[PDB]
Amino acid sequence: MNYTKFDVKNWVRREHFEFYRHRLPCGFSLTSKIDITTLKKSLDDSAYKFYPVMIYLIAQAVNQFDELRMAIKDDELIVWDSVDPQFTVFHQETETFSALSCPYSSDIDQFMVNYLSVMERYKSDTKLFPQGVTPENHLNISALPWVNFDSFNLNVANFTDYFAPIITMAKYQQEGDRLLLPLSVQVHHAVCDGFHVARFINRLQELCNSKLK
Amino acid sequence: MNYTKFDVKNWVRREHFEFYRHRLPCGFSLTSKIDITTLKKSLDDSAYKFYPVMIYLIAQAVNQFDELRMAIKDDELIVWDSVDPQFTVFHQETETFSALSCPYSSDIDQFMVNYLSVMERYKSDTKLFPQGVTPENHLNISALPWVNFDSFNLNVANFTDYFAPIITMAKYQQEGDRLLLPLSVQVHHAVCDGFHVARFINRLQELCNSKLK
Amino acid sequence: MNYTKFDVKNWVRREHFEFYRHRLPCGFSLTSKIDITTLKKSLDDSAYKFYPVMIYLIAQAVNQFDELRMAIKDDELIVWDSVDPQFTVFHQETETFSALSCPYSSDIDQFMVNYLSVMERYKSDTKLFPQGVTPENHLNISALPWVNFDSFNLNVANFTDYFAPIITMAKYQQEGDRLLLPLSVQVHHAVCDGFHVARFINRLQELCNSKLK
Ligand SMILES: O=C(N[C@H](CO)[C@H](O)c1ccc([N+](=O)[O-])cc1)C(Cl)Cl
Ligand SMILES: O=C(N[C@H](CO)[C@H](O)c1ccc([N+](=O)[O-])cc1)C(Cl)Cl
Ligand SMILES: O=C(N[C@H](CO)[C@H](O)c1ccc([N+](=O)[O-])cc1)C(Cl)Cl
Ligand SMILES: [Co+2]
Ligand SMILES: [Co+2]
Ligand SMILES: [Co+2]
Ligand SMILES: [Co+2]
Ligand SMILES: [Co+2]
Ligand SMILES: [Co+2]
């Protein structure tokens, strides 16, 4: 299959996993600003567009760390070999959104092909989930391009055993010499500590500062 | 009556409404900074005070968009023709607050009269709700004038079917050439998407940048 | 004992206490930036390290206000005469954390001795709670030194009657001429209003701006 059952008995976080899963169930969100000054220049020198690139970069970073690809399957903790981004798409005509997903590829060009293809096929589809059920191996990404925010948090009535990270981006803004993008990350404490989230954000910042290809 | 039953069957968000109301109940909060540089100048050229003006402006913006004035009445989704602000008042003497409400008016001067009148009558009343039950057609506004914040979120143990927006303002501060006011907006996802919140904030920013009368 | 039963019947917030405890149970979080420019200079002129000093200062501020030291004991509302900080410690080797506590002292030097001693004894212990049960009279402090954030919020599935404040600090950063530290405070609304949180933050800022000894 496309996942491995994780070895919980020998895991250094096994106590923390049971503690935050069942004793004191909780998750947290944090919003930090990523410097996209370099990324903006790379985009300017290319034909790629901002949203799909960010989707690719966030998916790439998630795909590097096991703790961001955990799930419960058949009552056991698993790690997905890879996850595909599920992202929101806004319909200007109805002023409503849909969620779509497309397969992740470490090849940026192949990822763009996948994206444009899904976009082409469902750009007019106003169902919340035009493709039907969300792939189990997913990450959620959403964008609020119309307003800048310093914080964002989702208040969910029940998040039992839901371990996929939730990432939300706001409109970027110029802050002196830098172009900053607010990015909110929301995780379940059973699989992620503050260290793991910081590590993800640091890695994303490095990717934004690196060549696209 | 002062409300209309909304046409849920023909609404473009009908799927989203059922989804976020019952399948995955959730709400979100976001804090953004409004530029009040212009507003400060308009206030300086007038006799109006900051808090009541902000209350008026937030109420005016809410009163423009239907999705911010929804409620469930007799198990059906309704839109209030208009909502009145319910705002917090601090008592320096007991270091406690009360919540008061006064009727909204599109006439700023008539609104100020309503405000001062409610303030006059209950300035000494330390009950949490001096006027008794909160009007059903309300919006909540609160102020924390003593500290600046970049984020604010309310963790509510049960928010089933509570659709009135919650707005919280912090102490404003000078940020280079601008005077910025942190404003947190917290809504239920069944009636509001990120688009709707951004639209509200953008409209509020425009009102702050416009003549008072 | 080390606590006093609080006089709820004569308290000015008695209505608010019942309201936010049982009618509309909720808490809130806020993140604000503390200016640590002066503190950094005091630290530079000393042998004290940043983390333990912040722990001391946060504990000192908490120890000054009764509303931050409330709890329910034997179904009654009590105030602890004093609380000890419970703080997180990261283990670089396992990339996991533990929580430790040490007795508060108004004497900074005696506090440092207590801290170093607990640190010495459990630096290698990877249990989540190396010392065993958390003292009932505690405050929680956590640090995310690896990333700066503008917001942080804990989404807790059940926080009934849990009144100890939760404080989270991020990596500090230079903001023009100032060194700013993001600090998130999360409280239960039954015992703390926005005023009380602002008062705590203002007092902490004053302590950071004052001599250590
Ligand atoms: O609901 C979704 N997205 C919204 C868009 O505002 C938001 O990002 C979200 C994501 C996950 C979530 N959850 O898993 O509880 C709730 C809301 C996707 Cl699952 Cl379609
Ligand atoms: O409780 C209230 N206000 C507080 C003040 O801190 C806060 O703004 C708030 C508003 C709404 C809320 N809710 O509806 O769950 C909870 C807290 C008003 Cl309802 Cl009186
Ligand atoms: O769980 C704890 N700390 C974490 C570390 O991320 C976090 O600060 C936290 C604190 C309190 C909490 N609560 O009381 O619900 C939940 C998480 C301490 Cl209780 Cl050990
Ligand atoms: Co268990
Ligand atoms: Co891989
Ligand atoms: Co239903
Ligand atoms: Co109207
Ligand atoms: Co009761
Ligand atoms: Co004392």
# chains A, B, ... in the order shown; residues from 1 in each chain; ligands from 1
>>> closest_atom_pairs(of="stretch 112-181 of chain B", to="stretch 193-199 of chain B", cutoff="12 Å", atoms="only C-alpha atoms", output="JSON lines")
{"residue": "B:165", "atom": "CA", "partner": "B:197", "partner_atom": "CA", "distance": 9.6}
{"residue": "B:166", "atom": "CA", "partner": "B:197", "partner_atom": "CA", "distance": 11.5}
{"residue": "B:167", "atom": "CA", "partner": "B:197", "partner_atom": "CA", "distance": 11.1}
>>> residues_near_ligand(ligand="ligand 2", cutoff="9 Å", atoms="only C-alpha atoms and all ligand atoms", output="VMD selection string")
(chain B and resid 86 to 88 97 to 100 128 to 129 134 140 to 144 154 to 159 162 to 168) or (chain C and resid 16 19 to 20 24 to 28 189 193 to 194)
>>> write_last_selection(atoms="N, CA, C and O atoms", output="short mmCIF file (atom, residue, chain, number, x, y, z; two decimals), in the first residue's frame")
data_model
loop_
_atom_site.label_atom_id
_atom_site.label_comp_id
_atom_site.auth_asym_id
_atom_site.auth_seq_id
_atom_site.Cartn_x
_atom_site.Cartn_y
_atom_site.Cartn_z
N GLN B 86 -24.30 45.34 20.40
CA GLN B 86 -24.28 45.08 21.85
C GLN B 86 -22.77 45.28 22.16
O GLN B 86 -21.97 44.52 21.52
N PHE B 87 -22.41 46.19 23.02
CA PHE B 87 -20.98 46.48 23.24
C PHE B 87 -20.68 46.46 24.73
O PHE B 87 -21.56 46.64 25.57
N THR B 88 -19.37 46.22 25.04
CA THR B 88 -18.95 46.19 26.42
C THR B 88 -18.58 47.59 26.92
O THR B 88 -18.01 48.45 26.26
N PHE B 97 -17.07 44.59 33.77
CA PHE B 97 -17.75 45.19 32.59
C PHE B 97 -19.21 44.77 32.60
O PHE B 97 -19.64 43.81 33.26
N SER B 98 -19.96 45.48 31.74
CA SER B 98 -21.36 45.22 31.47
C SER B 98 -21.51 45.22 29.93
O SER B 98 -20.62 45.78 29.26
N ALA B 99 -22.57 44.68 29.45
CA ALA B 99 -22.82 44.73 28.00
C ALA B 99 -24.12 45.59 27.84
O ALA B 99 -25.10 45.26 28.50
N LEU B 100 -24.06 46.53 26.94
CA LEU B 100 -25.27 47.34 26.64
C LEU B 100 -25.55 47.28 25.15
O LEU B 100 -24.66 47.01 24.32
N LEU B 128 -24.31 42.35 34.64
CA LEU B 128 -23.69 41.97 33.36
C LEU B 128 -24.58 42.50 32.19
O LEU B 128 -24.04 43.01 31.19
N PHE B 129 -25.90 42.35 32.31
CA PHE B 129 -26.87 42.81 31.30
C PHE B 129 -27.89 43.77 31.97
O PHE B 129 -29.00 43.31 32.27
N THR B 134 -30.73 40.28 25.81
CA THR B 134 -30.09 40.89 24.63
C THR B 134 -31.11 40.81 23.51
O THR B 134 -31.68 39.72 23.30
N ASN B 140 -21.98 41.45 18.48
CA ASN B 140 -21.21 41.73 19.69
C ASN B 140 -19.91 42.45 19.29
O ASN B 140 -19.22 42.07 18.34
N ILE B 141 -19.69 43.51 20.08
CA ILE B 141 -18.47 44.29 19.89
C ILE B 141 -17.82 44.42 21.27
O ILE B 141 -18.54 44.74 22.23
N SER B 142 -16.55 44.25 21.35
CA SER B 142 -15.85 44.41 22.62
C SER B 142 -14.52 45.15 22.37
O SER B 142 -14.01 45.09 21.24
N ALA B 143 -14.10 45.83 23.41
CA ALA B 143 -12.83 46.60 23.27
C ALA B 143 -11.91 46.30 24.44
O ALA B 143 -12.41 46.07 25.55
N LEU B 144 -10.59 46.21 24.17
CA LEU B 144 -9.53 45.98 25.14
C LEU B 144 -8.60 47.17 24.91
O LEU B 144 -7.57 47.02 24.27
N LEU B 154 -11.66 33.55 20.66
CA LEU B 154 -12.52 33.07 21.78
C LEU B 154 -12.64 31.53 21.65
O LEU B 154 -13.03 31.16 20.52
N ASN B 155 -12.35 30.82 22.69
CA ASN B 155 -12.50 29.33 22.73
C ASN B 155 -13.83 29.12 23.47
O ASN B 155 -13.93 29.31 24.67
N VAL B 156 -14.85 28.79 22.69
CA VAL B 156 -16.25 28.60 23.23
C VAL B 156 -16.58 27.12 23.24
O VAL B 156 -16.45 26.48 22.16
N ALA B 157 -16.97 26.61 24.38
CA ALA B 157 -17.31 25.20 24.57
C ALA B 157 -18.48 24.78 23.70
O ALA B 157 -18.42 23.64 23.24
N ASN B 158 -19.46 25.59 23.40
CA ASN B 158 -20.57 25.25 22.47
C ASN B 158 -21.01 26.45 21.66
O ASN B 158 -21.46 27.51 22.26
N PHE B 159 -20.93 26.39 20.35
CA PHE B 159 -21.39 27.62 19.53
C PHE B 159 -22.43 27.14 18.52
O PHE B 159 -22.61 27.76 17.43
N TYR B 162 -24.94 29.60 16.38
CA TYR B 162 -24.82 31.00 16.81
C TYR B 162 -24.07 31.68 15.67
O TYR B 162 -22.86 31.43 15.51
N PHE B 163 -24.87 32.48 14.95
CA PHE B 163 -24.30 33.09 13.72
C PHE B 163 -23.93 34.57 13.82
O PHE B 163 -23.43 35.09 12.81
N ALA B 164 -24.16 35.22 14.93
CA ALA B 164 -23.82 36.67 14.97
C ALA B 164 -22.31 36.79 15.10
O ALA B 164 -21.66 36.08 15.89
N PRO B 165 -21.74 37.69 14.31
CA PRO B 165 -20.28 37.93 14.35
C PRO B 165 -19.90 38.49 15.69
O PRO B 165 -20.66 39.18 16.39
N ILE B 166 -18.67 38.20 16.08
CA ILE B 166 -18.08 38.70 17.33
C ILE B 166 -16.91 39.57 16.93
O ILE B 166 -16.04 39.04 16.20
N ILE B 167 -16.86 40.82 17.32
CA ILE B 167 -15.73 41.72 16.89
C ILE B 167 -15.03 42.26 18.14
O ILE B 167 -15.78 42.67 19.07
N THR B 168 -13.73 42.18 18.15
CA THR B 168 -12.94 42.63 19.32
C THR B 168 -11.87 43.58 18.81
O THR B 168 -11.17 43.19 17.89
N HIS C 16 -20.56 37.24 36.58
CA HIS C 16 -19.69 36.91 35.43
C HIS C 16 -19.07 35.49 35.60
O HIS C 16 -18.97 34.74 34.61
N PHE C 19 -21.74 32.97 34.90
CA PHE C 19 -22.06 33.10 33.46
C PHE C 19 -21.04 32.39 32.59
O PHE C 19 -21.38 31.52 31.75
N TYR C 20 -19.73 32.71 32.76
CA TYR C 20 -18.66 32.12 31.94
C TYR C 20 -18.17 30.74 32.40
O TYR C 20 -17.51 30.03 31.65
N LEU C 24 -22.26 30.12 29.52
CA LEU C 24 -21.58 30.23 28.22
C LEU C 24 -20.08 30.01 28.50
O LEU C 24 -19.28 30.97 28.63
N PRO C 25 -19.70 28.76 28.70
CA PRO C 25 -18.29 28.45 29.06
C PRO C 25 -17.36 28.85 27.91
O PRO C 25 -17.63 28.47 26.74
N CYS C 26 -16.34 29.63 28.24
CA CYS C 26 -15.40 30.03 27.21
C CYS C 26 -14.15 30.63 27.92
O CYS C 26 -14.16 30.96 29.11
N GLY C 27 -13.17 30.65 27.04
CA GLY C 27 -11.86 31.23 27.41
C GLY C 27 -11.40 32.03 26.16
O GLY C 27 -12.07 32.02 25.11
N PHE C 28 -10.26 32.66 26.26
CA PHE C 28 -9.78 33.40 25.06
C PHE C 28 -8.24 33.34 25.16
O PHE C 28 -7.70 33.16 26.25
N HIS C 189 -12.46 32.55 30.78
CA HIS C 189 -13.25 33.75 30.97
C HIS C 189 -13.99 33.78 32.33
O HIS C 189 -14.35 34.93 32.82
N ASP C 193 -11.05 38.61 32.70
CA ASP C 193 -11.67 39.44 31.67
C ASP C 193 -10.45 39.98 30.84
O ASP C 193 -9.31 39.72 31.26
N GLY C 194 -10.79 40.73 29.79
CA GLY C 194 -9.69 41.34 29.01
C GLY C 194 -8.87 42.30 29.82
O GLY C 194 -7.62 42.34 29.70
#
>>> residues_near_ligand(ligand="ligand 4", cutoff="10 Å", atoms="only C-alpha atoms and all ligand atoms", output="VMD selection string")
chain A and resid 17 to 23
>>> select_by_dssp(residues="stretch 17-168 of chain B", states="helix (DSSP H, G or I)", output="JSON list (two decimals) with N, CA, C and O atoms, in the first residue's frame")
[["chain", "number", "residue", "atom", "x", "y", "z"],
["B", 17, "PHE", "N", -23.61, 25.46, 3.76],
["B", 17, "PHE", "CA", -24.41, 25.79, 4.94],
["B", 17, "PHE", "C", -24.64, 24.45, 5.71],
["B", 17, "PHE", "O", -24.28, 24.37, 6.88],
["B", 18, "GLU", "N", -25.18, 23.44, 5.02],
["B", 18, "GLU", "CA", -25.42, 22.14, 5.74],
["B", 18, "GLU", "C", -24.11, 21.53, 6.20],
["B", 18, "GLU", "O", -23.99, 21.01, 7.33],
["B", 19, "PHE", "N", -23.06, 21.60, 5.35],
["B", 19, "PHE", "CA", -21.74, 21.02, 5.65],
["B", 19, "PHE", "C", -21.14, 21.59, 6.93],
["B", 19, "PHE", "O", -20.77, 20.86, 7.87],
["B", 20, "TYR", "N", -21.05, 22.95, 7.02],
["B", 20, "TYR", "CA", -20.45, 23.62, 8.19],
["B", 20, "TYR", "C", -21.39, 23.80, 9.39],
["B", 20, "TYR", "O", -20.94, 24.07, 10.50],
["B", 21, "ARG", "N", -22.66, 23.53, 9.18],
["B", 21, "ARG", "CA", -23.59, 23.60, 10.27],
["B", 21, "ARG", "C", -23.62, 22.23, 11.02],
["B", 21, "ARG", "O", -23.66, 22.15, 12.26],
["B", 22, "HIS", "N", -23.64, 21.14, 10.21],
["B", 22, "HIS", "CA", -23.85, 19.86, 10.85],
["B", 22, "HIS", "C", -22.83, 18.81, 10.58],
["B", 22, "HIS", "O", -22.60, 18.01, 11.51],
["B", 23, "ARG", "N", -22.25, 18.77, 9.40],
["B", 23, "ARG", "CA", -21.27, 17.70, 9.10],
["B", 23, "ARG", "C", -19.95, 17.99, 9.79],
["B", 23, "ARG", "O", -19.35, 17.11, 10.46],
["B", 37, "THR", "N", -5.67, 56.08, 10.39],
["B", 37, "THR", "CA", -4.98, 57.42, 10.28],
["B", 37, "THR", "C", -5.98, 58.47, 9.87],
["B", 37, "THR", "O", -6.11, 59.53, 10.55],
["B", 38, "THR", "N", -6.76, 58.21, 8.83],
["B", 38, "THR", "CA", -7.75, 59.19, 8.36],
["B", 38, "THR", "C", -8.85, 59.41, 9.39],
["B", 38, "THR", "O", -9.26, 60.56, 9.65],
["B", 39, "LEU", "N", -9.32, 58.27, 9.94],
["B", 39, "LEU", "CA", -10.38, 58.39, 10.93],
["B", 39, "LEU", "C", -10.00, 59.29, 12.12],
["B", 39, "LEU", "O", -10.89, 60.06, 12.62],
["B", 40, "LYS", "N", -8.79, 59.18, 12.56],
["B", 40, "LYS", "CA", -8.24, 59.95, 13.69],
["B", 40, "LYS", "C", -8.33, 61.45, 13.37],
["B", 40, "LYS", "O", -8.79, 62.24, 14.21],
["B", 41, "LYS", "N", -7.93, 61.79, 12.17],
["B", 41, "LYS", "CA", -8.09, 63.19, 11.68],
["B", 41, "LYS", "C", -9.55, 63.56, 11.67],
["B", 41, "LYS", "O", -9.98, 64.62, 12.27],
["B", 42, "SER", "N", -10.45, 62.77, 11.05],
["B", 42, "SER", "CA", -11.88, 63.16, 11.11],
["B", 42, "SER", "C", -12.37, 63.36, 12.51],
["B", 42, "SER", "O", -13.20, 64.22, 12.83],
["B", 43, "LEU", "N", -11.90, 62.52, 13.46],
["B", 43, "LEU", "CA", -12.39, 62.61, 14.86],
["B", 43, "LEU", "C", -11.87, 63.93, 15.51],
["B", 43, "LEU", "O", -12.64, 64.57, 16.21],
["B", 44, "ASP", "N", -10.62, 64.20, 15.19],
["B", 44, "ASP", "CA", -9.97, 65.42, 15.71],
["B", 44, "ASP", "C", -10.81, 66.65, 15.26],
["B", 44, "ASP", "O", -10.93, 67.61, 16.02],
["B", 50, "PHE", "N", -13.98, 58.19, 19.91],
["B", 50, "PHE", "CA", -13.49, 57.01, 19.23],
["B", 50, "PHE", "C", -14.40, 55.77, 19.36],
["B", 50, "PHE", "O", -14.78, 55.17, 18.31],
["B", 51, "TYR", "N", -14.63, 55.30, 20.55],
["B", 51, "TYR", "CA", -15.40, 54.06, 20.79],
["B", 51, "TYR", "C", -16.76, 54.07, 20.14],
["B", 51, "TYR", "O", -17.02, 53.16, 19.32],
["B", 52, "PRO", "N", -17.66, 55.03, 20.46],
["B", 52, "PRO", "CA", -18.95, 55.12, 19.80],
["B", 52, "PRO", "C", -18.84, 55.20, 18.28],
["B", 52, "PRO", "O", -19.69, 54.67, 17.56],
["B", 53, "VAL", "N", -17.85, 55.93, 17.74],
["B", 53, "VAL", "CA", -17.70, 55.99, 16.29],
["B", 53, "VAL", "C", -17.39, 54.58, 15.73],
["B", 53, "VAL", "O", -18.00, 54.22, 14.71],
["B", 54, "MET", "N", -16.44, 53.88, 16.40],
["B", 54, "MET", "CA", -16.11, 52.54, 15.90],
["B", 54, "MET", "C", -17.33, 51.64, 15.98],
["B", 54, "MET", "O", -17.55, 50.82, 15.04],
["B", 55, "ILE", "N", -18.06, 51.77, 17.05],
["B", 55, "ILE", "CA", -19.29, 50.93, 17.20],
["B", 55, "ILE", "C", -20.19, 51.18, 15.98],
["B", 55, "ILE", "O", -20.71, 50.29, 15.31],
["B", 56, "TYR", "N", -20.43, 52.48, 15.67],
["B", 56, "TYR", "CA", -21.30, 52.93, 14.56],
["B", 56, "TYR", "C", -20.80, 52.35, 13.24],
["B", 56, "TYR", "O", -21.65, 51.78, 12.49],
["B", 57, "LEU", "N", -19.51, 52.51, 13.00],
["B", 57, "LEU", "CA", -18.93, 52.05, 11.73],
["B", 57, "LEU", "C", -19.03, 50.49, 11.54],
["B", 57, "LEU", "O", -19.32, 50.07, 10.43],
["B", 58, "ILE", "N", -18.69, 49.80, 12.61],
["B", 58, "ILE", "CA", -18.79, 48.30, 12.57],
["B", 58, "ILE", "C", -20.27, 47.94, 12.34],
["B", 58, "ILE", "O", -20.48, 47.13, 11.43],
["B", 59, "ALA", "N", -21.20, 48.55, 13.07],
["B", 59, "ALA", "CA", -22.63, 48.27, 12.88],
["B", 59, "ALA", "C", -23.06, 48.60, 11.46],
["B", 59, "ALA", "O", -23.83, 47.89, 10.79],
["B", 60, "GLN", "N", -22.57, 49.74, 10.93],
["B", 60, "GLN", "CA", -22.95, 50.14, 9.57],
["B", 60, "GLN", "C", -22.51, 49.10, 8.57],
["B", 60, "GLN", "O", -23.32, 48.71, 7.71],
["B", 61, "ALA", "N", -21.30, 48.63, 8.65],
["B", 61, "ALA", "CA", -20.72, 47.62, 7.73],
["B", 61, "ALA", "C", -21.51, 46.31, 7.85],
["B", 61, "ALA", "O", -21.88, 45.68, 6.84],
["B", 62, "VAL", "N", -21.78, 45.91, 9.09],
["B", 62, "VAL", "CA", -22.55, 44.64, 9.30],
["B", 62, "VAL", "C", -23.90, 44.77, 8.63],
["B", 62, "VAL", "O", -24.38, 43.77, 8.02],
["B", 66, "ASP", "N", -25.94, 40.67, 4.19],
["B", 66, "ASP", "CA", -26.91, 39.74, 4.77],
["B", 66, "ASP", "C", -26.29, 38.60, 5.57],
["B", 66, "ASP", "O", -26.92, 38.19, 6.59],
["B", 67, "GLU", "N", -25.20, 38.06, 5.10],
["B", 67, "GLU", "CA", -24.52, 36.90, 5.72],
["B", 67, "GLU", "C", -24.03, 37.22, 7.12],
["B", 67, "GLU", "O", -23.83, 36.30, 7.91],
["B", 68, "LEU", "N", -23.93, 38.49, 7.51],
["B", 68, "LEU", "CA", -23.56, 38.85, 8.87],
["B", 68, "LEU", "C", -24.79, 39.09, 9.77],
["B", 68, "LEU", "O", -24.59, 39.46, 10.94],
["B", 108, "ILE", "N", -25.65, 59.17, 11.89],
["B", 108, "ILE", "CA", -24.58, 59.13, 12.93],
["B", 108, "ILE", "C", -24.99, 59.94, 14.15],
["B", 108, "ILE", "O", -24.73, 59.55, 15.30],
["B", 109, "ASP", "N", -25.64, 61.13, 13.86],
["B", 109, "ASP", "CA", -26.00, 61.96, 14.99],
["B", 109, "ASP", "C", -27.05, 61.30, 15.81],
["B", 109, "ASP", "O", -27.00, 61.44, 17.06],
["B", 110, "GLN", "N", -28.05, 60.70, 15.20],
["B", 110, "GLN", "CA", -29.12, 60.01, 15.96],
["B", 110, "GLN", "C", -28.54, 58.79, 16.77],
["B", 110, "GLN", "O", -28.93, 58.54, 17.92],
["B", 111, "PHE", "N", -27.57, 58.13, 16.11],
["B", 111, "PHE", "CA", -26.86, 57.00, 16.78],
["B", 111, "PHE", "C", -26.17, 57.57, 18.03],
["B", 111, "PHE", "O", -26.31, 57.00, 19.11],
["B", 112, "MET", "N", -25.47, 58.71, 17.89],
["B", 112, "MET", "CA", -24.77, 59.23, 19.10],
["B", 112, "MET", "C", -25.75, 59.52, 20.22],
["B", 112, "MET", "O", -25.41, 59.38, 21.39],
["B", 113, "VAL", "N", -26.93, 60.06, 19.87],
["B", 113, "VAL", "CA", -27.94, 60.38, 20.86],
["B", 113, "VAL", "C", -28.35, 59.07, 21.55],
["B", 113, "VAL", "O", -28.51, 59.09, 22.79],
["B", 114, "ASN", "N", -28.61, 58.04, 20.78],
["B", 114, "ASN", "CA", -29.04, 56.73, 21.36],
["B", 114, "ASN", "C", -27.94, 56.21, 22.38],
["B", 114, "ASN", "O", -28.22, 55.83, 23.51],
["B", 115, "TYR", "N", -26.73, 56.25, 21.93],
["B", 115, "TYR", "CA", -25.56, 55.77, 22.71],
["B", 115, "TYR", "C", -25.46, 56.51, 24.03],
["B", 115, "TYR", "O", -25.32, 55.96, 25.10],
["B", 116, "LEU", "N", -25.38, 57.85, 23.94],
["B", 116, "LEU", "CA", -25.21, 58.69, 25.16],
["B", 116, "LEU", "C", -26.35, 58.48, 26.14],
["B", 116, "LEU", "O", -26.17, 58.46, 27.37],
["B", 117, "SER", "N", -27.50, 58.32, 25.58],
["B", 117, "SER", "CA", -28.71, 58.07, 26.40],
["B", 117, "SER", "C", -28.58, 56.76, 27.14],
["B", 117, "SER", "O", -28.73, 56.77, 28.37],
["B", 118, "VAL", "N", -28.24, 55.65, 26.47],
["B", 118, "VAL", "CA", -28.05, 54.36, 27.17],
["B", 118, "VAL", "C", -26.93, 54.44, 28.20],
["B", 118, "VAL", "O", -27.05, 53.87, 29.30],
["B", 119, "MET", "N", -25.87, 55.13, 27.83],
["B", 119, "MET", "CA", -24.69, 55.30, 28.67],
["B", 119, "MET", "C", -25.09, 56.10, 29.93],
["B", 119, "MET", "O", -24.66, 55.69, 31.03],
["B", 120, "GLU", "N", -25.84, 57.14, 29.71],
["B", 120, "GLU", "CA", -26.31, 58.03, 30.84],
["B", 120, "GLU", "C", -27.11, 57.17, 31.85],
["B", 120, "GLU", "O", -26.80, 57.02, 33.07],
["B", 121, "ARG", "N", -28.10, 56.50, 31.36],
["B", 121, "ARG", "CA", -28.97, 55.68, 32.18],
["B", 121, "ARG", "C", -28.25, 54.51, 32.90],
["B", 121, "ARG", "O", -28.63, 54.19, 34.05],
["B", 122, "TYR", "N", -27.27, 53.83, 32.30],
["B", 122, "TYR", "CA", -26.72, 52.65, 33.03],
["B", 122, "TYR", "C", -25.26, 52.75, 33.38],
["B", 122, "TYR", "O", -24.66, 51.68, 33.62]]
>>> residues_around(residues="residue B:8", least_positions_apart="2", cutoff="10 Å", atoms="only C-alpha atoms", output="list in words")
residues 5, 6, 10, 11, 12, 13, 14, 15, 17, 18, 76, 77 and 78 of chain B
>>> write_last_selection(atoms="N, CA, C and O atoms", output="mmCIF file, in the first residue's frame")
data_model
loop_
_atom_site.group_PDB
_atom_site.id
_atom_site.type_symbol
_atom_site.label_atom_id
_atom_site.label_comp_id
_atom_site.auth_asym_id
_atom_site.auth_seq_id
_atom_site.Cartn_x
_atom_site.Cartn_y
_atom_site.Cartn_z
ATOM 1 N N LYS B 5 -37.447 35.199 5.968
ATOM 2 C CA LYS B 5 -36.945 33.798 6.010
ATOM 3 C C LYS B 5 -36.101 33.692 4.754
ATOM 4 O O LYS B 5 -36.530 34.137 3.669
ATOM 5 N N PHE B 6 -34.897 33.159 4.884
ATOM 6 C CA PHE B 6 -34.012 33.090 3.736
ATOM 7 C C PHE B 6 -34.357 31.870 2.869
ATOM 8 O O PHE B 6 -34.684 30.817 3.415
ATOM 9 N N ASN B 10 -32.602 27.597 -2.890
ATOM 10 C CA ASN B 10 -32.015 28.212 -4.094
ATOM 11 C C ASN B 10 -30.720 28.956 -3.828
ATOM 12 O O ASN B 10 -30.278 29.796 -4.649
ATOM 13 N N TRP B 11 -30.146 28.760 -2.664
ATOM 14 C CA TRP B 11 -28.928 29.572 -2.301
ATOM 15 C C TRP B 11 -27.725 28.858 -2.907
ATOM 16 O O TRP B 11 -27.685 27.632 -2.818
ATOM 17 N N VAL B 12 -26.815 29.693 -3.427
ATOM 18 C CA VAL B 12 -25.591 29.103 -3.970
ATOM 19 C C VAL B 12 -24.727 28.424 -2.868
ATOM 20 O O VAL B 12 -23.929 27.570 -3.253
ATOM 21 N N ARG B 13 -24.834 28.825 -1.612
ATOM 22 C CA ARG B 13 -24.044 28.214 -0.568
ATOM 23 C C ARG B 13 -24.899 27.147 0.127
ATOM 24 O O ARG B 13 -24.558 26.769 1.268
ATOM 25 N N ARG B 14 -26.003 26.660 -0.443
ATOM 26 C CA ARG B 14 -26.748 25.692 0.406
ATOM 27 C C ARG B 14 -25.966 24.452 0.826
ATOM 28 O O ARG B 14 -26.184 23.919 1.943
ATOM 29 N N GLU B 15 -25.083 23.910 0.026
ATOM 30 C CA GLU B 15 -24.328 22.748 0.418
ATOM 31 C C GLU B 15 -23.366 23.056 1.567
ATOM 32 O O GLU B 15 -23.231 22.318 2.559
ATOM 33 N N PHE B 17 -23.614 25.463 3.760
ATOM 34 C CA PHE B 17 -24.409 25.789 4.938
ATOM 35 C C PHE B 17 -24.644 24.451 5.709
ATOM 36 O O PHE B 17 -24.278 24.375 6.882
ATOM 37 N N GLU B 18 -25.180 23.443 5.017
ATOM 38 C CA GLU B 18 -25.422 22.144 5.736
ATOM 39 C C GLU B 18 -24.111 21.526 6.200
ATOM 40 O O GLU B 18 -23.993 21.013 7.333
ATOM 41 N N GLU B 76 -35.730 27.865 11.410
ATOM 42 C CA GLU B 76 -35.476 28.202 9.965
ATOM 43 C C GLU B 76 -34.383 29.289 9.875
ATOM 44 O O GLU B 76 -34.179 30.040 10.843
ATOM 45 N N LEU B 77 -33.695 29.356 8.758
ATOM 46 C CA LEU B 77 -32.668 30.398 8.589
ATOM 47 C C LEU B 77 -33.364 31.720 8.140
ATOM 48 O O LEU B 77 -34.086 31.777 7.111
ATOM 49 N N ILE B 78 -33.031 32.754 8.905
ATOM 50 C CA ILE B 78 -33.600 34.086 8.679
ATOM 51 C C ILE B 78 -32.476 35.098 8.499
ATOM 52 O O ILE B 78 -31.366 34.836 8.897
#
>>> residues_near_ligand(ligand="ligand 7", cutoff="7 Å", atoms="only C-alpha atoms and all ligand atoms", output="PyMOL selection string")
chain B and resi 63-64+81-82
>>> write_last_selection(atoms="C-alpha atoms", output="compact mmCIF listing (two decimals), in the first residue's frame")
# COMPACT_ATOMS: atom_id res chain seq x y z
CA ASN B 63 -25.90 46.20 8.27
CA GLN B 64 -24.80 46.13 4.64
CA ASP B 81 -33.52 43.52 8.36
CA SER B 82 -31.11 45.30 10.72
